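Some notes on the structure that comes next.
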2 protein chains.
Amino acid sequence: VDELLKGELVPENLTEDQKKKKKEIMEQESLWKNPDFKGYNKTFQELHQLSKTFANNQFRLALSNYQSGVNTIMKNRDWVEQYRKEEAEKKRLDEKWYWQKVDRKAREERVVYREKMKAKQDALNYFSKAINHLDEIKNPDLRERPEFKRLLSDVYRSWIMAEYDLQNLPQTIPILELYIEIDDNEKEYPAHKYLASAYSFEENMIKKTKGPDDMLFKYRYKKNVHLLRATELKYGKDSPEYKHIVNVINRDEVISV
Amino acid sequence: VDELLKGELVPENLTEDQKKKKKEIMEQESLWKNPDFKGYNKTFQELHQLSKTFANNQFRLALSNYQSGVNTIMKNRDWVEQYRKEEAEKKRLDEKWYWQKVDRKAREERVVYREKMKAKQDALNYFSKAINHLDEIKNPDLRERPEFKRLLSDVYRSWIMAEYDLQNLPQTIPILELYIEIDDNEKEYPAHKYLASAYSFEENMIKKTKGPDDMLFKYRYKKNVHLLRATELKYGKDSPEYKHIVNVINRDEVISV
């Protein structure tokens, strides 16, 4: 089942009394129809943010931004694939020595690396906008629907992957922790694999800058927990990989005998 | 019986009158409930240092540091054992001379000695922190409990053992003397063995630097006293070993006939 097939958050249209109640409100607003009205006090007008119309409108804005960021990554890979194909298929009439071939290859790598970093930053901008649109949906009931969770995981997953490619490891930690709190996302080993690297980066920075010992241990403890969890999720418990990790964790961690 | 099994100093929870006194104070503190209060005069809040909550909190901090220091020492021996195992099992395709094997061996000894001292220094910092935590437990009654004496000896013993390895012998004298004043640690021959070496170091320094003669004798006398006591505690009085030490000490000391 595809949760984003219809491109909507909650379908809005049953009680006879409720239909009667809605009818009189419609007539009341007809009497006071004033498109030029602007409420001095915004408290009443801000109640619209809890409506289904606001959530549906915000959902498509976040959906559109998510799609735009996805296109940026996909087109970048397609262009890079095409670029190497065209570079290899063109003739080199002045290329006869091996060190010339090495130098040409390094030029291609710089071009490819340059465009990948440029694409990642553009895609992250769309994902960051997609995050902001979803964070202003203040209705708790609409936040638990499968459609909301489907997009929120996809937005977080793409954002974390792109932010990791930009070497922004510390900024990936808060999104990853919110990621594993949705449905059964905690059971996915890739989500725990990144947290292993993300906390390892934090641990090195505290050690490199000679930071507080309390922060050093908290990051070191968090690093092993998600590193061990990923080993269990991908290779299984009591596996040879699991046994190897425990020895590494135990040697690194502090134990009392 | 393990005094550190529960990891606490004194278990905190009976008289009807006392239960009434505790009731009225709790009511009074509710009236003046103000989490932002900060006492301008520190004398009254400093009385919290005599509480059981403070002593338990300090005891657990010292316990945490003691465990970390022992982990530092123990993990190092695990690494040293593993390092020697890995070195012997790797292939040496470019080693054919006896002096080459001697040369390769000496590097491993230098690597091992370098890492051991780093572990000893790292563990010593944990023990010195553990020592400081216990010193600010100001309640004499809580200092006589078996749990406190159990941890105090263990912290002192590890700190003394580590500091001797860093060749800082004169620093072990004050800690060793406080060690043999707790329970029946005075009957341990290792305690008096260390004091014999430590006071010998002090005797040489006075002799070498040509210090006062009075300090030369005092370090010499203290050296002999603990040297003889260690011999007695291990091999027994009127033993062949004990007779050997008495001949040495009498020859070394100055006597009048």
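The way I read the labels, and the way they are meant: chains A, B, ... in the order of the structure tokens, residue 1 as the first residue of every chain, and ligand 1 as the first ligand shown, with later ones counted on from there.
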Taking a cut-off of 9 Å and counting only C-alpha atoms, can you build a table that, for each residue of chain B near chain A, reports the nearest atom pair and how far apart they are in Å (one decimal), sorted by chain then residue number, as JSON lines?
{"residue": "B:66", "atom": "CA", "partner": "A:256", "partner_atom": "CA", "distance": 8.8}
{"residue": "B:67", "atom": "CA", "partner": "A:256", "partner_atom": "CA", "distance": 5.1}
{"residue": "B:68", "atom": "CA", "partner": "A:254", "partner_atom": "CA", "distance": 5.9}
{"residue": "B:69", "atom": "CA", "partner": "A:254", "partner_atom": "CA", "distance": 8.9}
{"residue": "B:70", "atom": "CA", "partner": "A:256", "partner_atom": "CA", "distance": 6.9}
{"residue": "B:71", "atom": "CA", "partner": "A:255", "partner_atom": "CA", "distance": 5.6}
{"residue": "B:72", "atom": "CA", "partner": "A:254", "partner_atom": "CA", "distance": 7.7}
{"residue": "B:74", "atom": "CA", "partner": "A:257", "partner_atom": "CA", "distance": 8.7}
{"residue": "B:75", "atom": "CA", "partner": "A:251", "partner_atom": "CA", "distance": 6.4}
{"residue": "B:78", "atom": "CA", "partner": "A:251", "partner_atom": "CA", "distance": 8.3}
{"residue": "B:79", "atom": "CA", "partner": "A:251", "partner_atom": "CA", "distance": 8.5}
*Do you know which residues are at most 12 Å from residue 218 (chain B) counting only C-alpha atoms, after dropping those on the same chain fewer than 3 positions away, and could you put them as a PyMOL selection string?*
chain B and resi 199-200+202-203+206+212-215+221-225+253
*asked:* Using only C-alpha atoms, which protein or nucleic acid residues come within 12 Å of residue 113 (chain A)? Drop anything in the same chain fewer than 5 positions from it, and give the result as a PyMOL selection string.
replied: chain A and resi 76-77+80+106-108+118-120+165-166
*asked:* Show me, as an NGL selection string, the residues that have an atom within 12 Å of residue 109 (chain B) when counting only C-alpha atoms, minus same-chain residues fewer than 4 positions from it.
replied: :B and (80 or 83-84 or 87 or 102-105 or 113-116)
*What are the DSSP alpha helix (DSSP H) residues of region 176-241 of chain A, as number ranges by chain?*
A: 176-179, 189-208, 213-235, 240-241
